[PDB]
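Next comes just one chain, in C-alpha cells: the form deposited in one PDB entry.
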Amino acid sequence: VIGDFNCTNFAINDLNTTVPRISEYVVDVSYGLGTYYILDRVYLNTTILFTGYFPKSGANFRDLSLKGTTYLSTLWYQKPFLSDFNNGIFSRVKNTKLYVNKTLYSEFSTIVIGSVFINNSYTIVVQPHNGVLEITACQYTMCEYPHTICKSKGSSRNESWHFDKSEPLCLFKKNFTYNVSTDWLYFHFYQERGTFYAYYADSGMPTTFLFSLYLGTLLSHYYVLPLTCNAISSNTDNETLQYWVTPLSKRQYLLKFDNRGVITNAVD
C-alpha cells in the first residue's frame, strides 16, 4: 500500500500484470540528459567541471508508469514500484499526446514523494492537468491504492489518490505551465539538509530550477501513480505512458556550454 486510508475496494485484484518486468533503458548524458543549469550563472562557449546531483551514466532507467483501465493490482503498490528516494531521482517522462475531436490533450503519470504517506507527514505531489503542472506539498491522507485518470478520454473509475474532505495543511502549492506539444519532460527531484529541490525541462534536455522547499525531515520513498484511462492501449490508439526514473547521487560532471549558454554535452 502507499498510504493507509481505504478510499475504495472497487475493482482491486492481486494479479502480477508485469510478467514482462519493469521496462529498462540506459542513461546516456553525452548530449546533456541528466544535467541542469547552475544557480543564476551563465557559462558561454566553455567546459566546466561541476559537482551536482546527477544520474550515474550507464545506469538503467526503470519505467514506473502504470496504465490501468478498470482494475488495479495490489502488487502495483509494493516494491519494486514503491521506491527508495535516497538523495533523489532524475525522471524522463513521455508526454502522452491524446486527441478528442482533433483537439490535443496532454497526459502523464503523477509522482508522489514522501516518507510514510500518512497525514501526520508531508507528501510532495507533482501532477499534470493538460499543460498546468500542479505541485503541492501537503499532509495528504493518501489512499492505500492511489491513482489518477485521463480527464481527456475519461476512465472507468473516479480519480482518488487522497481523501481529505477539508483542505489539509500545505507547505507548498504552485502551478507551473509546461508546453503540451513537446514529446518529453525531464525532472530532477533531490534533497539536501532537510530541503527538497525540484528542476524541470519541457524543452531540451538540461533541466532548470522550479522551486525548493524546506521540509525539516528526510524524504525516504517515491511512487509513480497508476493512471486509469479508456484510451492509451494497443486495442484503441497504440499510445503509451512512459515514466523513466534513475537515482541521483552527488557526482562530478564535465559540462559543455555552447556560444548561447545551452548545455550541449556532458561527461560523468
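Sequential numbering from 1, following the sequence displayed. Between two forms, the rigid core is the largest collection of C-alphas that superpose within 1.5 Å.
We do not show the form deposited in another entry, though everything after this point is about it.
With the core held fixed between this form and the one not shown, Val27 has its Cα displaced by at least 2 Å. Once the rigid core is used as the reference frame, the Cα position of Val262 differs between this form and the one not shown by 2 Å or more. With a cut-off of 2 Å and the rigid core superposed, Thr46 has a Cα displacement that reaches or exceeds the cut-off between this form and the one not shown. Distance between the C-alpha atoms of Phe61 and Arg21: shorter by at least 3 Å in the other form than in the displayed form. Look at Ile124 and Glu24: in the other form their Cα atoms move 3 Å or more farther apart than in this form.
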